[PDB]
Amino acid sequence: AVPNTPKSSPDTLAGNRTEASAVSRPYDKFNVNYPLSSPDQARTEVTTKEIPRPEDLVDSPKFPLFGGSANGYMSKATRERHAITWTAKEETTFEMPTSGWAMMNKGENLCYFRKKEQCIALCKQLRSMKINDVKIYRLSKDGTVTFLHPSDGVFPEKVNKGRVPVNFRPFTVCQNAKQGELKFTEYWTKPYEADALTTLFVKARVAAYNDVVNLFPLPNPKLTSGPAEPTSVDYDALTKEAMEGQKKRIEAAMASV
Amino acid sequence: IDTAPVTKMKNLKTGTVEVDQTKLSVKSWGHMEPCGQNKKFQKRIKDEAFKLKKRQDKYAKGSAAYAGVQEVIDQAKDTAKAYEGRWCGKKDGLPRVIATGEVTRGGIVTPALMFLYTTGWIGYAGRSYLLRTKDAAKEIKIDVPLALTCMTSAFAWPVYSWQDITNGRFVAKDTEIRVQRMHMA
Amino acid sequence: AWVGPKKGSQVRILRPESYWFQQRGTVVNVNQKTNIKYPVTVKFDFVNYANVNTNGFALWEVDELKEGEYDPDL
Amino acid sequence: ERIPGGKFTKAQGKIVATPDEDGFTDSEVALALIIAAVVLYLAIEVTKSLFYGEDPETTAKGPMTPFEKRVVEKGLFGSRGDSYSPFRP
Amino acid sequence: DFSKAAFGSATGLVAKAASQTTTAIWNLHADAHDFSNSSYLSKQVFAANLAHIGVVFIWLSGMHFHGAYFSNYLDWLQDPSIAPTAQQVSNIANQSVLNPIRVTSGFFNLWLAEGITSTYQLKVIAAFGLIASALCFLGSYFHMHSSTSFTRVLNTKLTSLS
Amino acid sequence: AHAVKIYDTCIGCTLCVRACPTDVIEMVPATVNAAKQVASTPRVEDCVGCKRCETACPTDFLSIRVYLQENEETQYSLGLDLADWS
Amino acid sequence: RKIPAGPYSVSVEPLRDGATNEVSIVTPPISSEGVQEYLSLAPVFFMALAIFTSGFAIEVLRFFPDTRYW
Ligand code: CLA
Ligand code: CLA
Ligand code: CLA
Ligand SMILES: CC1=C(/C=C/C(C)=C/C=C/C(C)=C/C=C/C=C(C)/C=C/C=C(C)/C=C/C2=C(C)CCCC2(C)C)C(C)(C)CCC1
Ligand code: SF4
């Protein structure tokens, strides 16, 4: 129907949603292994044949007993879909994440949602009702299906092998470098993204700055085109005595620890 | 066509600032006089008495309301007689509070001492209770005998507090309390 | 051998960001495994803003206190 | 003619005396508009310069003036620092 | 036993270290009448309603008492155009200016609509209001502590209630 | 994409995993805590920023930290339901 | 207590045989220790302290109106 839904296809209404997201939001990108944490993690692949896009399913037997609601996704206005594929033991009622109530099928079940949060909420509800094998998929504009939630087959609540730690920082939260210490670096506004080596280095650097009794003057550059100023201080002798001071200070510090 | 009242400054080019010692007292100030002979204060008292009498006239003689307003009138008369010793300006007639530190009629030193003693009593009673009841149970559930013991025993707060301050039992060492060092000082 | 504070002994927290920093807590148990970074489990009378009063600390973040060398009045 | 509002306008009796002529004629207004047009052109140039920022080659390919060389060498006029501070000394 | 349980909320507040915060006190106040789902929820609700009825009866008794003793109700009967005042104000501090407070609750007109002409009738109504409040408090106690569960009144006995 | 980090103080509660409404946190094996498991966030792109994971972390301070990045909002981070940017 | 009755109930179990001549006192089983403990609550104790202080101030204002002795 033309008054119920726009007459044009979702792709026509989308226009250039792609090639503009890459311009409007160049930061918005997925890592090389989105559902997983390591490249060598099986990476089970599914296609549209297994989980088809919702516009290709009409009165599917795997749909639950749902009467439709205004709270579902935006057909023809959005193209991304998230699907849940869970198998029931009996036909019971459950709350849809978009409000309203549906009744599960005896066997296979399949629901479609826009946001992954709705799918995860439904998965939490189903697992609270003693349901395993709740698989959550993502449907893209072109129909590519990405398998999510139990990405490596084991639910994230349970530790499983082959899962490399991601975004793990080997220190306490307040052991991050301060923004002033990371100034003029790529991590100035994001000190939580700095390396452990970088954070330790800058935290030692700030301490080094606060020891002007042994800090080095770092002589001025020679920018003027004229001859070098004779001055009255020998930089070579200062450098040698600073080498001696650094050696003795390091020796004493290592003796302390 | 005129401006605000122009005030006259002291063109003090002499190089010295003279503070008159005889002017360091309320009785020597030319802008405040005792309420007894302040014409504006007397007019205020007369207006108050007239308003009270007018309010009284509404109720018939001998009624309870008449007696109430009569007691109000007597209270106002006694208050006026007491306030005649206060200091009240020269154009307002409202008695003033002298916070210089001179012990005068309507001063601040005696009220300050009384309040400070009373509230040091309150604070020391609370602190003593918290020190002798180091327990949230006894905080939500007041130990009434111990609470009243502390309350009536805090009368010696000014001297006990100073003894604890000088003996180190009052303040806490900064290295033994929860102090904000999240910046890793 | 046992490493770390003794069980049930009061310790002062040296972790600057901890809710009980420089305060005092009772050691529940110390994990006698060298790979554990924060073995010292300390219980406090005060709960933090998360309404939890038990936390694990590193060996260098707790100062064991003798039976009478601390202040009983916190 | 105005309807006076406010106690002080009535009390002080200040009158808004309109000048008989205009004051700037029309030719001088045109000259002001021309100068403002030149200022607008300069403002467009400044906006284009600031929006696209400073290109990386300038201040890197253009050698510093001897004044700038000596100032950076000796650390003067806000150099040897990371601040602007127009009221430096 | 019952007196021990009267401060049972405070005892539970101090029992756990997690509830030894002022936030626990504010929660104790906020969750005061939030009667949790249980076998005695309907008893609790009905007893609370009856206690509130007793409170309102206390209020009505106080209003009739003020009409009887601290009001110019008889003078208003003799002349309705006068200001209805039913709250005397004692001479403390300096508040004597507002001693007759013109009450605007309409109790004088209500009592005249009820045929009340003597302050003795207002005294009797205040006394009977106190008696009714006492009876409501007794009934609320009884229902909270010794009566039927009342769980059938909204689903099963809704026809009888309505 | 709101960056979410895990620190050494994590003790393998799995509460942060159960509190995530978008399956961001994930339990990896590790040899730093007695639980021999540590949270990880390999799907930060799904993090809305609700900080439910921080509400469920029992450590003295948050072993899992959600750093909101308002200059890098995403339809997954903004929780868009009626607008698609893919 | 098979019949669902609230906690702290002075009600006899409604599952009784033929009419019983029994004593079932409907009065709260309160305790003097419990009553004293309740009146020692921080809300009760501090509201009583506030009432006492307010009344003391009231009486001082009544018998010594205004600050006549300033
Ligand atoms: C044992 C009780 C006690 C004691 C000794 C203190 C002592 C202090 N408080 Mg304090 N306070 C208290 C209770 C107490 N407070 C309570 C209950 C509150 C919550 C309202 C506060 C809120 C508070 C704030 C917001 C501030 C202080 C500040 C201060 C300091 C300056 C004095 C001041 O401004 O007081 C003023 C006191 C108040 C404004 C609140 C008083 C409320 C009542 C009167 C106190 C309770 C007394 C206690 C119940 C007695 C019971 C005894 C009985 C159990 C035996 C001082 C260390 C200030 C500070 O840090 O300065 C350095 C400050 O900014 N307090
Ligand atoms: C028949 C009337 C009635 C009844 C029986 C209830 C009953 C209930 N309401 Mg409710 N409510 C009502 C009317 C009513 N409400 C109305 C008219 C509103 C709109 C204003 C609300 C708004 C409301 C909210 C928003 C909430 C409730 C909640 C609740 C539950 C817990 C209440 C509680 O613990 O409060 C304890 C008692 C108090 C907090 C009273 C404190 C005093 C109040 C806050 C201000 C009074 C100021 C006073 C008038 C002025 C002082 C005098 C001045 C001169 C100083 C309970 C089932 C809460 C709940 O979770 O329900 C499950 C909840 O969150 N109600
Ligand atoms: C000590 C203070 C005090 C007390 C105890 C009372 C007590 C009473 N007044 Mg009263 N009154 C007072 C001060 C007081 N009043 C003041 C200062 C005025 C202004 C002149 C009035 C004006 C007034 C009128 C006009 C009437 C009463 C009535 C009543 C009776 C009804 C019970 C009641 O108030 O319901 C309890 C209600 C509340 C506690 C408040 C309900 C919410 C209010 C209406 C909203 C506004 C709150 C507040 C007024 C605004 C300021 C609050 C805060 C900012 C300070 C009762 C005896 C009525 C009556 O029939 O008397 C026999 C009546 O008609 N009073
Ligand atoms: C009549 C005439 C004419 C014409 C005229 C005209 C038309 C004129 C115009 C004029 C104009 C039209 C003017 C305008 C102006 C404007 C301006 C002048 C502006 C400015 C601004 C500024 C200056 C600022 C800027 C900025 C900003 C805001 C941001 C960025 C940065 C900057 C700072 C740059 C002609 C020639 C024909 C003839 C003669 C006369
Ligand atoms: S809740 Fe905190 S401590 Fe527990 S596993 Fe998650 S991040 Fe680690």
# chains A, B, ... in the order shown; residues from 1 in each chain; ligands from 1
$ interface_residues --of "chain A" --to "chain F" --cutoff "6 Å" --atoms "only C-alpha atoms" --output "PyMOL selection string"
chain A and resi 17+37+74+78+117+120+156-157+159+163+165-172
$ residues_near_ligand --ligand "ligand 4" --cutoff "10 Å" --atoms "only C-alpha atoms and all ligand atoms" --output "MDAnalysis selection string"
chainID D and resid 26:51
$ residues_near_ligand --ligand "ligand 3" --cutoff "12 Å" --atoms "only C-alpha atoms and all ligand atoms" --output "ChimeraX atom specification"
/E:55-56,58-73,83-90,92,95-110
$ interface_residues --of "chain A" --to "chain B" --cutoff "9 Å" --atoms "only C-alpha atoms" --output "list in words"
residues 174, 175 and 178 of chain A
$ write_last_selection --atoms "C-alpha atoms" --output "short mmCIF file (atom, residue, chain, number, x, y, z; two decimals), in the first residue's frame"
data_model
loop_
_atom_site.label_atom_id
_atom_site.label_comp_id
_atom_site.auth_asym_id
_atom_site.auth_seq_id
_atom_site.Cartn_x
_atom_site.Cartn_y
_atom_site.Cartn_z
CA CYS A 174 43.88 5.59 37.89
CA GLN A 175 47.30 4.44 36.66
CA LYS A 178 47.25 12.25 32.79
#
$ select_by_dssp --residues "range 77-147 of chain A" --states "helix (DSSP H, G or I)" --output "list in words"
residues 116, 117, 118, 119, 120, 121, 122, 123, 124, 125, 126, 127 and 128 of chain A
$ interface_residues --of "chain B" --to "chain G" --cutoff "8 Å" --atoms "only C-alpha atoms" --output "MDAnalysis selection string"
chainID B and resid 75 79 82:83 105:107 139:144
$ residues_near_ligand --ligand "ligand 2" --cutoff "8 Å" --atoms "only C-alpha atoms and all ligand atoms" --output "ChimeraX atom specification"
/E:29-35,49
$ residues_near_ligand --ligand "ligand 1" --cutoff "8 Å" --atoms "only C-alpha atoms and all ligand atoms" --output "MDAnalysis selection string"
(chainID B and resid 122:130 139 142 144 146:151) or (chainID G and resid 46)
$ residues_around --residues "residue 147 in chain A" --least-positions-apart "2" --cutoff "8 Å" --atoms "only C-alpha atoms" --output "list in words"
residues 35, 44, 45, 46, 135, 136, 137, 138, 145, 149 and 151 of chain A
$ atom_distance --atom1 "CA of residue 81 in chain D" --atom2 "CA of residue 235 in chain A"
22.7 Å
$ closest_atom_pairs --of "chain B" --to "chain E" --cutoff "12 Å" --atoms "only C-alpha atoms" --output "CSV"
residue,atom,partner,partner_atom,distance
B:48,CA,E:97,CA,11.4
B:51,CA,E:97,CA,10.0
B:52,CA,E:97,CA,8.9
B:54,CA,E:97,CA,11.7
B:55,CA,E:97,CA,8.6
B:56,CA,E:97,CA,10.9
B:58,CA,E:100,CA,11.8
B:59,CA,E:100,CA,11.5
B:64,CA,E:88,CA,11.2
B:65,CA,E:99,CA,9.0
B:66,CA,E:99,CA,11.7
B:67,CA,E:91,CA,11.1
B:68,CA,E:91,CA,7.5
B:69,CA,E:96,CA,7.8
B:70,CA,E:91,CA,10.9
B:71,CA,E:91,CA,8.5
B:72,CA,E:91,CA,7.2
B:73,CA,E:96,CA,10.3
B:74,CA,E:91,CA,11.9
B:75,CA,E:94,CA,9.7
B:76,CA,E:94,CA,9.6
B:79,CA,E:94,CA,11.4
B:135,CA,E:14,CA,9.2
B:136,CA,E:20,CA,6.4
B:137,CA,E:14,CA,5.2
B:138,CA,E:14,CA,8.9
B:139,CA,E:14,CA,9.0
B:140,CA,E:10,CA,7.2
B:141,CA,E:10,CA,8.1
B:142,CA,E:10,CA,11.6
$ atom_distance --atom1 "CA of residue 247 in chain A" --atom2 "CA of residue 202 in chain A"
20.9 Å
$ interface_residues --of "chain C" --to "chain E" --cutoff "8 Å" --atoms "only C-alpha atoms" --output "list in words"
residues 45, 46, 47, 51, 52 and 53 of chain C
$ write_last_selection --atoms "N, CA and C atoms" --output "PDB file, in the first residue's frame"
ATOM      1  N   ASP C  45      34.599  -1.770  57.309  1.00  0.00           N
ATOM      2  CA  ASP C  45      33.307  -1.498  57.926  1.00  0.00           C
ATOM      3  C   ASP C  45      32.469  -0.565  57.061  1.00  0.00           C
ATOM      4  N   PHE C  46      33.103   0.424  56.437  1.00  0.00           N
ATOM      5  CA  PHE C  46      32.399   1.334  55.545  1.00  0.00           C
ATOM      6  C   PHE C  46      32.211   0.703  54.174  1.00  0.00           C
ATOM      7  N   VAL C  47      31.037   0.897  53.602  1.00  0.00           N
ATOM      8  CA  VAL C  47      30.774   0.509  52.223  1.00  0.00           C
ATOM      9  C   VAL C  47      31.027   1.710  51.327  1.00  0.00           C
ATOM     10  N   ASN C  51      28.046   0.222  47.513  1.00  0.00           N
ATOM     11  CA  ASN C  51      27.521  -0.587  48.612  1.00  0.00           C
ATOM     12  C   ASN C  51      28.236  -1.930  48.707  1.00  0.00           C
ATOM     13  N   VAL C  52      29.538  -1.925  48.438  1.00  0.00           N
ATOM     14  CA  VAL C  52      30.385  -3.096  48.620  1.00  0.00           C
ATOM     15  C   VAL C  52      31.551  -2.701  49.515  1.00  0.00           C
ATOM     16  N   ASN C  53      31.855  -3.549  50.495  1.00  0.00           N
ATOM     17  CA  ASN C  53      32.882  -3.243  51.482  1.00  0.00           C
ATOM     18  C   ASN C  53      34.041  -4.229  51.453  1.00  0.00           C
TER      19      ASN C  53
END
$ residues_around --residues "residue 136 in chain E" --least-positions-apart "2" --cutoff "6 Å" --atoms "only C-alpha atoms" --output "short mmCIF file (atom, residue, chain, number, x, y, z; two decimals) with N, CA and C atoms, in the first residue's frame"
data_model
loop_
_atom_site.label_atom_id
_atom_site.label_comp_id
_atom_site.auth_asym_id
_atom_site.auth_seq_id
_atom_site.Cartn_x
_atom_site.Cartn_y
_atom_site.Cartn_z
N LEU E 50 -7.90 2.45 56.55
CA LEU E 50 -8.66 2.73 57.76
C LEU E 50 -7.90 3.68 58.69
N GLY E 54 -9.04 7.33 60.07
CA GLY E 54 -8.89 7.83 61.43
C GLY E 54 -8.18 9.16 61.50
N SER E 133 -12.38 8.45 65.23
CA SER E 133 -10.98 8.25 64.91
C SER E 133 -10.38 7.11 65.73
N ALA E 134 -10.73 7.05 67.01
CA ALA E 134 -10.26 5.94 67.84
C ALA E 134 -10.78 4.62 67.32
N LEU E 138 -8.61 1.51 65.94
CA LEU E 138 -8.79 0.15 66.45
C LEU E 138 -9.06 -0.83 65.31
N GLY E 139 -9.92 -0.44 64.38
CA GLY E 139 -10.22 -1.31 63.25
C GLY E 139 -9.02 -1.53 62.35
#
$ atom_distance --atom1 "CA of residue 6 in chain D" --atom2 "CA of residue 2 in chain B"
16.7 Å
$ closest_residue --among "F:2, F:78, F:49, F:55" --to "ligand 5" --atoms "only C-alpha atoms and all ligand atoms"
F:55
$ residues_around --residues "residue 176 in chain A" --least-positions-apart "4" --cutoff "7 Å" --atoms "only C-alpha atoms" --output "list in words"
residues 191, 192 and 199 of chain A
$ interface_residues --of "chain C" --to "chain B" --cutoff "9 Å" --atoms "only C-alpha atoms" --output "list in words"
residues 12, 15, 16, 17, 18, 19, 20, 21, 22, 23, 24, 70, 71, 73 and 74 of chain C
$ write_last_selection --atoms "N, CA and C atoms" --output "compact mmCIF listing (two decimals), in the first residue's frame"
# COMPACT_ATOMS: atom_id res chain seq x y z
N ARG C 12 46.30 -0.73 56.38
CA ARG C 12 45.97 0.57 55.83
C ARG C 12 46.14 0.55 54.32
N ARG C 15 46.35 2.37 48.18
CA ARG C 15 45.89 2.62 46.82
C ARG C 15 45.26 4.00 46.75
N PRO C 16 45.83 4.94 46.00
CA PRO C 16 45.34 6.33 46.06
C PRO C 16 43.89 6.49 45.67
N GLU C 17 43.40 5.68 44.73
CA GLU C 17 42.05 5.85 44.21
C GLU C 17 41.00 5.05 44.96
N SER C 18 41.41 4.19 45.88
CA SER C 18 40.45 3.35 46.59
C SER C 18 39.56 4.21 47.49
N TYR C 19 38.30 3.80 47.62
CA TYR C 19 37.37 4.53 48.47
C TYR C 19 37.84 4.55 49.92
N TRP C 20 38.62 3.56 50.33
CA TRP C 20 39.14 3.48 51.69
C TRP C 20 40.61 3.86 51.75
N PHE C 21 41.04 4.83 50.95
CA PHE C 21 42.45 5.20 50.91
C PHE C 21 42.90 5.77 52.25
N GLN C 22 44.04 5.28 52.73
CA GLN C 22 44.63 5.68 54.00
C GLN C 22 43.72 5.34 55.18
N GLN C 23 42.60 4.69 54.92
CA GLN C 23 41.74 4.18 55.98
C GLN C 23 42.23 2.79 56.37
N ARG C 24 41.46 2.09 57.19
CA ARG C 24 41.88 0.83 57.77
C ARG C 24 40.86 -0.25 57.46
N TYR C 70 48.06 1.69 65.43
CA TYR C 70 47.14 2.50 64.67
C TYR C 70 46.20 3.24 65.61
N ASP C 71 45.28 4.02 65.02
CA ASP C 71 44.35 4.82 65.80
C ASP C 71 43.00 4.13 65.83
N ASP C 73 40.22 5.24 66.74
CA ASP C 73 39.17 6.18 66.40
C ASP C 73 39.18 6.56 64.92
N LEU C 74 39.77 5.72 64.07
CA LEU C 74 39.88 5.97 62.64
C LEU C 74 40.59 7.29 62.36
$ decode --residues "range 222-246 of chain A" --atoms "N, CA, C and O atoms" --output "CSV table (one decimal), in the first residue's frame"
chain,number,residue,atom,x,y,z
A,222,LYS,N,71.0,26.9,16.8
A,222,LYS,CA,71.7,27.9,16.0
A,222,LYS,C,70.9,28.2,14.8
A,222,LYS,O,71.0,27.6,13.8
A,223,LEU,N,70.0,29.2,14.9
A,223,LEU,CA,69.1,29.6,13.8
A,223,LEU,C,69.6,30.8,13.0
A,223,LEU,O,69.5,30.8,11.8
A,224,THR,N,70.3,31.7,13.7
A,224,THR,CA,70.8,32.9,13.0
A,224,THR,C,71.9,32.6,12.0
A,224,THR,O,72.7,31.7,12.2
A,225,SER,N,71.9,33.3,10.9
A,225,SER,CA,72.8,33.1,9.8
A,225,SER,C,74.3,33.6,10.2
A,225,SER,O,75.2,33.2,9.4
A,226,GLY,N,74.4,34.3,11.3
A,226,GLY,CA,75.7,34.8,11.6
A,226,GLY,C,76.6,33.7,12.2
A,226,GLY,O,76.2,32.6,12.4
A,227,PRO,N,77.8,34.2,12.6
A,227,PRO,CA,78.7,33.2,13.3
A,227,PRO,C,78.2,32.8,14.6
A,227,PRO,O,77.4,33.5,15.3
A,228,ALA,N,78.7,31.7,15.1
A,228,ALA,CA,78.3,31.1,16.4
A,228,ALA,C,78.7,32.1,17.5
A,228,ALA,O,79.9,32.6,17.5
A,229,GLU,N,77.8,32.3,18.5
A,229,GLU,CA,78.2,33.2,19.6
A,229,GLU,C,79.2,32.6,20.4
A,229,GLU,O,79.1,31.4,20.8
A,230,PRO,N,80.3,33.3,20.8
A,230,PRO,CA,81.3,32.7,21.6
A,230,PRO,C,80.8,32.3,23.0
A,230,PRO,O,81.3,31.3,23.5
A,231,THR,N,79.9,33.0,23.6
A,231,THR,CA,79.3,32.7,24.9
A,231,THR,C,80.4,32.6,26.0
A,231,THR,O,81.5,33.1,25.8
A,232,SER,N,80.0,32.0,27.1
A,232,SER,CA,81.0,31.8,28.2
A,232,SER,C,80.9,30.5,28.9
A,232,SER,O,81.5,30.3,29.9
A,233,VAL,N,80.1,29.6,28.3
A,233,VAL,CA,79.9,28.3,28.9
A,233,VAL,C,80.2,27.2,27.9
A,233,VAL,O,79.8,27.3,26.7
A,234,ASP,N,80.9,26.2,28.4
A,234,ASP,CA,81.3,25.1,27.5
A,234,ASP,C,80.2,24.0,27.5
A,234,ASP,O,80.0,23.4,28.6
A,235,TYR,N,79.6,23.8,26.4
A,235,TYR,CA,78.5,22.7,26.4
A,235,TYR,C,79.1,21.3,26.5
A,235,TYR,O,78.4,20.4,26.9
A,236,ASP,N,80.4,21.2,26.0
A,236,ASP,CA,81.0,19.8,26.0
A,236,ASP,C,81.3,19.4,27.5
A,236,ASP,O,81.0,18.3,27.9
A,237,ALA,N,81.8,20.3,28.3
A,237,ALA,CA,82.1,20.0,29.7
A,237,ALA,C,80.8,19.7,30.4
A,237,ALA,O,80.7,18.8,31.3
A,238,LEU,N,79.8,20.5,30.2
A,238,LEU,CA,78.5,20.3,30.8
A,238,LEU,C,77.9,19.0,30.4
A,238,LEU,O,77.3,18.3,31.2
A,239,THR,N,78.0,18.6,29.1
A,239,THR,CA,77.5,17.3,28.7
A,239,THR,C,78.2,16.2,29.4
A,239,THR,O,77.6,15.2,29.8
A,240,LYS,N,79.6,16.3,29.5
A,240,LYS,CA,80.3,15.3,30.2
A,240,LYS,C,80.0,15.1,31.6
A,240,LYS,O,79.8,14.0,32.1
A,241,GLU,N,79.8,16.3,32.3
A,241,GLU,CA,79.5,16.2,33.7
A,241,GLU,C,78.0,15.7,33.9
A,241,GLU,O,77.7,15.1,34.9
A,242,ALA,N,77.2,16.0,32.9
A,242,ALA,CA,75.8,15.5,33.0
A,242,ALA,C,75.8,14.0,32.7
A,242,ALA,O,75.0,13.3,33.3
A,243,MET,N,76.6,13.5,31.8
A,243,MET,CA,76.8,12.0,31.7
A,243,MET,C,77.2,11.4,33.0
A,243,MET,O,76.7,10.3,33.4
A,244,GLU,N,78.2,12.0,33.7
A,244,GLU,CA,78.7,11.4,34.9
A,244,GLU,C,77.5,11.5,36.0
A,244,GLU,O,77.3,10.5,36.7
A,245,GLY,N,76.8,12.6,36.0
A,245,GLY,CA,75.7,12.7,37.0
A,245,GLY,C,74.6,11.7,36.7
A,245,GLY,O,74.1,11.1,37.6
A,246,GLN,N,74.3,11.5,35.4
A,246,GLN,CA,73.3,10.5,35.0
A,246,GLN,C,73.7,9.1,35.4
A,246,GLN,O,72.9,8.3,36.0
